[PDB]
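To start, the structure itself, in structure tokens.
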Amino acid sequence: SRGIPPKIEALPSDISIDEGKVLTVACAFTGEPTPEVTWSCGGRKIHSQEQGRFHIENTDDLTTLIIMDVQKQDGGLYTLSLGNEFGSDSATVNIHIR
Amino acid sequence: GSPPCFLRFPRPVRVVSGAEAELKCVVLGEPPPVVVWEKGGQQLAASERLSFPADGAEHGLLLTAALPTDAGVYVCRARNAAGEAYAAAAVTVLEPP
């Protein structure tokens, strides 16, 4: 069996959310072995802490980023980056706070 | 009450130019989320060959005949009082030689 480099499938270019609300963005991907998922904003990794507002759920072919109680300072350019033993991929989405 | 989320995420479609293409997703949240579809940063409007059939949680984007000017990344945006959820899928349209 053969490795497959990670490949992000569709990620939106721009998304918007009202202050104080929950935002969810889901993104599919492929790659073998299963790629490690990193979400980052302004070049700085997002840490999925169970005691906080940022939560990341990853499966074999899906990542979901959930931001609860969205603050004005949560806005910015978010990068999803994937890595396995055969390569990497990245895509950015611009998250706007209303 | 409960923000939007995807029970079933929209999958990529690869189609021959002139043939039918559909994206399907299943969206949960309370109250039931309103769903709209976007391309090129703009909300898509229904047309002669683009429609947006929905049956409860099941929301779809249907191109009766998919042409090369329809290829690209479609975004599904679900919305209710608690929040918004976004998911994308590529429609690829293949032109015969």
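Residue names in the structure tokens use chain letters A, B, ... in the order shown, residue numbers from 1 in each chain, and ligand numbers from 1 in the order shown.
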
Please, which residues of chain B lie no more than 9 Å from chain A when the count uses only C-alpha atoms, and can they be set out as an mmCIF file with N, CA, C and O atoms, in the first residue's frame?
```cif
data_model
loop_
_atom_site.group_PDB
_atom_site.id
_atom_site.type_symbol
_atom_site.label_atom_id
_atom_site.label_comp_id
_atom_site.auth_asym_id
_atom_site.auth_seq_id
_atom_site.Cartn_x
_atom_site.Cartn_y
_atom_site.Cartn_z
ATOM 1 N N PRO B 3 -26.880 25.816 18.036
ATOM 2 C CA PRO B 3 -26.364 26.337 16.774
ATOM 3 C C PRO B 3 -26.267 25.286 15.648
ATOM 4 O O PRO B 3 -26.283 24.085 15.923
ATOM 5 N N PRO B 4 -26.184 25.744 14.385
ATOM 6 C CA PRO B 4 -26.119 24.865 13.235
ATOM 7 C C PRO B 4 -24.883 23.977 13.182
ATOM 8 O O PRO B 4 -23.803 24.397 13.581
ATOM 9 N N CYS B 5 -25.060 22.765 12.666
ATOM 10 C CA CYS B 5 -23.963 21.829 12.471
ATOM 11 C C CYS B 5 -24.326 20.803 11.388
ATOM 12 O O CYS B 5 -25.495 20.607 11.088
ATOM 13 N N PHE B 6 -23.326 20.158 10.796
ATOM 14 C CA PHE B 6 -23.591 19.233 9.699
ATOM 15 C C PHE B 6 -23.627 17.783 10.161
ATOM 16 O O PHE B 6 -22.619 17.253 10.629
ATOM 17 N N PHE B 9 -21.932 16.272 5.540
ATOM 18 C CA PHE B 9 -21.162 17.341 4.941
ATOM 19 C C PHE B 9 -21.337 17.197 3.426
ATOM 20 O O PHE B 9 -21.550 16.083 2.951
ATOM 21 N N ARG B 11 -20.320 16.750 -0.408
ATOM 22 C CA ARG B 11 -19.196 16.065 -1.044
ATOM 23 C C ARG B 11 -18.892 16.635 -2.439
ATOM 24 O O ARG B 11 -19.778 17.164 -3.103
ATOM 25 N N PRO B 12 -17.624 16.540 -2.875
ATOM 26 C CA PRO B 12 -17.264 16.976 -4.213
ATOM 27 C C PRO B 12 -17.987 16.211 -5.311
ATOM 28 O O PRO B 12 -18.291 15.031 -5.144
ATOM 29 N N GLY B 40 -18.150 32.528 -5.273
ATOM 30 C CA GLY B 40 -17.434 33.743 -5.637
ATOM 31 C C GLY B 40 -17.725 34.882 -4.682
ATOM 32 O O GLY B 40 -17.669 36.052 -5.062
ATOM 33 N N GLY B 41 -18.043 34.533 -3.440
ATOM 34 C CA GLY B 41 -18.331 35.516 -2.406
ATOM 35 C C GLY B 41 -19.748 36.066 -2.430
ATOM 36 O O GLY B 41 -20.090 36.897 -1.572
ATOM 37 N N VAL B 73 -15.959 26.204 -6.343
ATOM 38 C CA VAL B 73 -16.207 25.910 -4.930
ATOM 39 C C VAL B 73 -17.502 26.585 -4.520
ATOM 40 O O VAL B 73 -17.637 27.796 -4.611
ATOM 41 N N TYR B 74 -18.452 25.769 -4.104
ATOM 42 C CA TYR B 74 -19.700 26.226 -3.557
ATOM 43 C C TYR B 74 -19.649 26.134 -2.016
ATOM 44 O O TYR B 74 -19.161 25.153 -1.449
ATOM 45 N N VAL B 75 -20.163 27.164 -1.350
ATOM 46 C CA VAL B 75 -20.206 27.192 0.098
ATOM 47 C C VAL B 75 -21.638 27.112 0.584
ATOM 48 O O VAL B 75 -22.500 27.865 0.137
ATOM 49 N N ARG B 77 -23.996 27.721 3.692
ATOM 50 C CA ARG B 77 -24.038 28.547 4.886
ATOM 51 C C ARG B 77 -25.367 28.332 5.576
ATOM 52 O O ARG B 77 -26.414 28.636 5.011
ATOM 53 N N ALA B 81 -30.506 31.661 15.249
ATOM 54 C CA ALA B 81 -30.188 32.618 16.331
ATOM 55 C C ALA B 81 -28.922 32.305 17.153
ATOM 56 O O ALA B 81 -28.301 33.232 17.674
ATOM 57 N N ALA B 82 -28.528 31.037 17.260
ATOM 58 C CA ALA B 82 -27.355 30.666 18.067
ATOM 59 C C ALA B 82 -26.031 30.743 17.292
ATOM 60 O O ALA B 82 -24.947 30.948 17.887
ATOM 61 N N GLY B 83 -26.091 30.553 15.975
ATOM 62 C CA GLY B 83 -24.874 30.658 15.176
ATOM 63 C C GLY B 83 -24.964 30.381 13.693
ATOM 64 O O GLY B 83 -26.032 30.434 13.097
ATOM 65 N N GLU B 84 -23.800 30.113 13.109
ATOM 66 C CA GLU B 84 -23.656 29.851 11.677
ATOM 67 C C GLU B 84 -22.686 28.721 11.487
ATOM 68 O O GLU B 84 -21.738 28.588 12.241
ATOM 69 N N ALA B 85 -22.937 27.902 10.481
ATOM 70 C CA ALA B 85 -22.022 26.831 10.094
ATOM 71 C C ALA B 85 -21.716 26.894 8.607
ATOM 72 O O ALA B 85 -22.592 27.173 7.794
ATOM 73 N N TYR B 86 -20.473 26.621 8.247
ATOM 74 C CA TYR B 86 -20.039 26.705 6.857
ATOM 75 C C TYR B 86 -19.333 25.409 6.454
ATOM 76 O O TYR B 86 -18.580 24.817 7.241
ATOM 77 N N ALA B 87 -19.578 24.994 5.218
ATOM 78 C CA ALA B 87 -18.921 23.854 4.611
ATOM 79 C C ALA B 87 -18.871 24.115 3.118
ATOM 80 O O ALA B 87 -19.799 24.754 2.566
ATOM 81 N N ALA B 88 -17.808 23.637 2.475
ATOM 82 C CA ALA B 88 -17.613 23.829 1.036
ATOM 83 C C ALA B 88 -17.511 22.502 0.270
ATOM 84 O O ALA B 88 -17.188 21.461 0.856
ATOM 85 N N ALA B 89 -17.817 22.546 -1.032
ATOM 86 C CA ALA B 89 -17.496 21.450 -1.948
ATOM 87 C C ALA B 89 -17.222 21.921 -3.394
ATOM 88 O O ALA B 89 -17.845 22.858 -3.913
ATOM 89 N N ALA B 90 -16.273 21.250 -4.030
ATOM 90 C CA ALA B 90 -15.893 21.538 -5.398
ATOM 91 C C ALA B 90 -16.817 20.816 -6.360
ATOM 92 O O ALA B 90 -17.057 19.614 -6.233
#
```

Neighbouring residues of residue 37 (chain B) were defined as those with any atom within 9 Å, considering only C-alpha atoms; residues of the same chain fewer than 6 positions away were excluded. Please report them as a ChimeraX atom specification. /B:43-45,52,61,74-78

Have a look at CA of residue 35 (chain A) and CA of residue 13 (chain B) and let me know their distance in Å, one decimal.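 One can read the CA of residue 35 (chain A) to CA of residue 13 (chain B) distance as 22.7 Å.
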
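You will find CA of residue 53 (chain B) at 10.9 Å from CA of residue 36 (chain B).
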
Rounded to one decimal, what separation in Å do you get between CA of residue 68 (chain B) and CA of residue 94 (chain B)? 7.4 Å

Let me make sure I understand: among A:90, A:73, A:7, A:84, which one has the smallest atom-to-atom distance to residue 39 (chain A) if we use only C-alpha atoms?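 Under the stated criterion, the closest residue is A:90.
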
When you look at residue 88 (chain A) with a cut-off of 12 Å (counting only C-alpha atoms), what residues show up, excluding the ones that are within fewer than 2 positions of it in the same chain? I need them as a ChimeraX atom specification. /A:4-8,29-38,80-86,90-91

Contact residues around residue 42 (chain A) with only C-alpha atoms at 12 Å, ignoring same-chain residues under 5 positions, as a PDB file with C-alpha atoms, in the first residue's frame:
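Written output follows (result-v9.pdb):
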```pdb
ATOM      1  CA  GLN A  73     -10.672  39.878  18.474  1.00  0.00           C
ATOM      2  CA  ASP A  74     -11.357  36.355  17.134  1.00  0.00           C
ATOM      3  CA  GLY A  75     -11.518  37.800  13.592  1.00  0.00           C
ATOM      4  CA  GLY A  76      -8.574  37.404  11.213  1.00  0.00           C
ATOM      5  CA  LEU A  77      -7.131  35.076   8.580  1.00  0.00           C
ATOM      6  CA  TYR A  78      -7.268  31.438   9.656  1.00  0.00           C
ATOM      7  CA  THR A  79      -5.082  28.762   8.068  1.00  0.00           C
ATOM      8  CA  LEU A  80      -5.875  25.058   7.948  1.00  0.00           C
ATOM      9  CA  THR A  92      -6.898  30.062   4.313  1.00  0.00           C
ATOM     10  CA  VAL A  93     -10.334  31.412   5.137  1.00  0.00           C
ATOM     11  CA  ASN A  94     -10.961  35.023   6.195  1.00  0.00           C
ATOM     12  CA  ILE A  95     -13.279  35.069   9.236  1.00  0.00           C
TER      13      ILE A  95
END
```

With DSSP run on the backbone, what are the strand (DSSP E or B) residues within region 9-88 of chain B? I'd like them as a PyMOL selection string. chain B and resi 13-16+21-30+34-39+42-43+50-51+54-55+58-63+72-80+83-88

Selected residues, N, CA and C atoms, written as a tab-separated table (two decimals), in the first residue's frame, please.
```tsv
chain	number	residue	atom	x	y	z
B	13	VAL	N	-18.29	16.89	-6.41
B	13	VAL	CA	-18.85	16.20	-7.57
B	13	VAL	C	-18.03	16.48	-8.82
B	14	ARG	N	-17.88	15.43	-9.61
B	14	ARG	CA	-17.11	15.39	-10.83
B	14	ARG	C	-18.15	14.96	-11.86
B	15	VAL	N	-18.40	15.80	-12.86
B	15	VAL	CA	-19.47	15.56	-13.83
B	15	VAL	C	-19.04	15.92	-15.25
B	16	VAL	N	-19.64	15.24	-16.23
B	16	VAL	CA	-19.43	15.56	-17.65
B	16	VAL	C	-20.23	16.81	-18.02
B	21	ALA	N	-25.75	17.79	-11.91
B	21	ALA	CA	-24.88	17.80	-10.73
B	21	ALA	C	-25.64	18.29	-9.51
B	22	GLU	N	-25.44	17.63	-8.37
B	22	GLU	CA	-26.08	18.04	-7.14
B	22	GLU	C	-25.11	18.01	-5.99
B	23	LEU	N	-25.22	18.98	-5.10
B	23	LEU	CA	-24.60	18.91	-3.78
B	23	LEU	C	-25.71	18.67	-2.78
B	24	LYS	N	-25.44	17.83	-1.78
B	24	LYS	CA	-26.40	17.53	-0.73
B	24	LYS	C	-25.75	17.71	0.62
B	25	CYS	N	-26.45	18.33	1.55
B	25	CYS	CA	-26.02	18.28	2.94
B	25	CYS	C	-27.21	18.16	3.88
B	26	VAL	N	-26.90	17.78	5.13
B	26	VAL	CA	-27.91	17.62	6.16
B	26	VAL	C	-27.47	18.46	7.33
B	27	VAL	N	-28.36	19.33	7.76
B	27	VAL	CA	-28.02	20.40	8.66
B	27	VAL	C	-28.94	20.30	9.86
B	28	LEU	N	-28.34	20.39	11.04
B	28	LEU	CA	-29.06	20.36	12.30
B	28	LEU	C	-28.83	21.66	13.04
B	29	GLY	N	-29.61	21.87	14.09
B	29	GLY	CA	-29.59	23.08	14.90
B	29	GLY	C	-31.02	23.38	15.32
B	30	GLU	N	-31.17	24.09	16.43
B	30	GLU	CA	-32.50	24.52	16.88
B	30	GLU	C	-32.53	26.04	17.14
B	34	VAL	N	-31.68	28.27	8.53
B	34	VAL	CA	-31.90	28.72	7.17
B	34	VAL	C	-30.59	28.50	6.47
B	35	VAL	N	-30.66	27.98	5.26
B	35	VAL	CA	-29.49	27.63	4.48
B	35	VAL	C	-29.49	28.38	3.16
B	36	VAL	N	-28.35	28.97	2.84
B	36	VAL	CA	-28.14	29.65	1.57
B	36	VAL	C	-26.82	29.14	1.01
B	37	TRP	N	-26.63	29.31	-0.29
B	37	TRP	CA	-25.42	28.83	-0.95
B	37	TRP	C	-24.74	30.00	-1.59
B	38	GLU	N	-23.42	29.94	-1.58
B	38	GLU	CA	-22.60	31.05	-2.02
B	38	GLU	C	-21.56	30.51	-2.99
B	39	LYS	N	-21.21	31.35	-3.96
B	39	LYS	CA	-20.08	31.14	-4.86
B	39	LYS	C	-19.48	32.48	-5.21
B	42	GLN	N	-20.58	35.61	-3.38
B	42	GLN	CA	-21.93	36.13	-3.56
B	42	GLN	C	-22.98	35.03	-3.41
B	43	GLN	N	-24.08	35.37	-2.76
B	43	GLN	CA	-25.18	34.45	-2.57
B	43	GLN	C	-25.78	34.16	-3.93
B	50	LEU	N	-30.37	26.30	-12.05
B	50	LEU	CA	-29.91	26.22	-10.65
B	50	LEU	C	-31.13	26.39	-9.74
B	51	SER	N	-31.28	25.47	-8.80
B	51	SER	CA	-32.33	25.53	-7.78
B	51	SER	C	-31.75	24.99	-6.48
B	54	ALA	N	-34.86	21.68	-0.81
B	54	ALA	CA	-34.66	21.38	0.59
B	54	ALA	C	-35.86	20.59	1.10
B	55	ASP	N	-35.59	19.55	1.87
B	55	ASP	CA	-36.63	18.74	2.49
B	55	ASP	C	-36.26	18.52	3.96
B	58	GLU	N	-32.50	18.21	5.10
B	58	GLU	CA	-31.77	17.89	3.89
B	58	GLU	C	-31.86	19.08	2.94
B	59	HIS	N	-30.71	19.71	2.65
B	59	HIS	CA	-30.61	20.88	1.75
B	59	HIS	C	-29.69	20.61	0.54
B	60	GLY	N	-30.11	20.99	-0.66
B	60	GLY	CA	-29.36	20.62	-1.85
B	60	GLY	C	-29.18	21.75	-2.81
B	61	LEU	N	-28.14	21.66	-3.62
B	61	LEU	CA	-27.94	22.60	-4.71
B	61	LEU	C	-27.96	21.75	-5.96
B	62	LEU	N	-28.87	22.08	-6.87
B	62	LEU	CA	-29.09	21.27	-8.06
B	62	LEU	C	-28.88	22.07	-9.35
B	63	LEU	N	-27.96	21.59	-10.19
B	63	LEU	CA	-27.72	22.11	-11.54
B	63	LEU	C	-28.27	21.13	-12.54
B	72	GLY	N	-16.35	25.02	-9.77
B	72	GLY	CA	-15.74	25.79	-8.70
B	72	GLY	C	-16.20	25.35	-7.33
B	73	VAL	N	-15.96	26.20	-6.34
B	73	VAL	CA	-16.21	25.91	-4.93
B	73	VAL	C	-17.50	26.58	-4.52
B	74	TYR	N	-18.45	25.77	-4.10
B	74	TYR	CA	-19.70	26.23	-3.56
B	74	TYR	C	-19.65	26.13	-2.02
B	75	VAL	N	-20.16	27.16	-1.35
B	75	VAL	CA	-20.21	27.19	0.10
B	75	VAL	C	-21.64	27.11	0.58
B	76	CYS	N	-21.87	26.18	1.51
B	76	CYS	CA	-23.14	26.06	2.20
B	76	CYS	C	-23.09	26.76	3.53
B	77	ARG	N	-24.00	27.72	3.69
B	77	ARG	CA	-24.04	28.55	4.89
B	77	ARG	C	-25.37	28.33	5.58
B	78	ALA	N	-25.31	27.78	6.78
B	78	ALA	CA	-26.49	27.51	7.60
B	78	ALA	C	-26.49	28.49	8.75
B	79	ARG	N	-27.67	28.99	9.09
B	79	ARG	CA	-27.81	30.10	10.05
B	79	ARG	C	-29.08	29.98	10.91
B	80	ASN	N	-28.93	30.22	12.21
B	80	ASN	CA	-30.03	30.41	13.16
B	80	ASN	C	-29.62	31.38	14.30
B	83	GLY	N	-26.09	30.55	15.98
B	83	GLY	CA	-24.87	30.66	15.18
B	83	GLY	C	-24.96	30.38	13.69
B	84	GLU	N	-23.80	30.11	13.11
B	84	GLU	CA	-23.66	29.85	11.68
B	84	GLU	C	-22.69	28.72	11.49
B	85	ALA	N	-22.94	27.90	10.48
B	85	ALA	CA	-22.02	26.83	10.09
B	85	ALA	C	-21.72	26.89	8.61
B	86	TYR	N	-20.47	26.62	8.25
B	86	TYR	CA	-20.04	26.71	6.86
B	86	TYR	C	-19.33	25.41	6.45
B	87	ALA	N	-19.58	24.99	5.22
B	87	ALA	CA	-18.92	23.85	4.61
B	87	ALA	C	-18.87	24.11	3.12
B	88	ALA	N	-17.81	23.64	2.47
B	88	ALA	CA	-17.61	23.83	1.04
B	88	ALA	C	-17.51	22.50	0.27
```

So that I can see what lies close to residue 71 (chain B), please list as JSON, numbers by chain the residues with an atom at most 8 Å from it, counting only C-alpha atoms and leaving out residues fewer than 6 positions away in the same chain. {"B": [90, 91, 92, 93]}

Store the residues picked out above in a file with N, CA, C and O atoms, as an mmCIF file, in the first residue's frame.
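Done, and the output landed in part.cif:
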```
data_model
loop_
_atom_site.group_PDB
_atom_site.id
_atom_site.type_symbol
_atom_site.label_atom_id
_atom_site.label_comp_id
_atom_site.auth_asym_id
_atom_site.auth_seq_id
_atom_site.Cartn_x
_atom_site.Cartn_y
_atom_site.Cartn_z
ATOM 1 N N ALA B 90 -16.273 21.250 -4.030
ATOM 2 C CA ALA B 90 -15.893 21.538 -5.398
ATOM 3 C C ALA B 90 -16.817 20.816 -6.360
ATOM 4 O O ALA B 90 -17.057 19.614 -6.233
ATOM 5 N N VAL B 91 -17.368 21.571 -7.301
ATOM 6 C CA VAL B 91 -17.981 20.995 -8.482
ATOM 7 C C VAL B 91 -16.967 21.074 -9.603
ATOM 8 O O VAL B 91 -16.541 22.154 -9.968
ATOM 9 N N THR B 92 -16.564 19.922 -10.127
ATOM 10 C CA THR B 92 -15.657 19.862 -11.276
ATOM 11 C C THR B 92 -16.457 19.473 -12.523
ATOM 12 O O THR B 92 -17.258 18.543 -12.488
ATOM 13 N N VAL B 93 -16.237 20.189 -13.619
ATOM 14 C CA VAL B 93 -16.996 19.984 -14.846
ATOM 15 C C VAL B 93 -16.038 19.646 -15.954
ATOM 16 O O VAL B 93 -15.143 20.418 -16.263
#
```
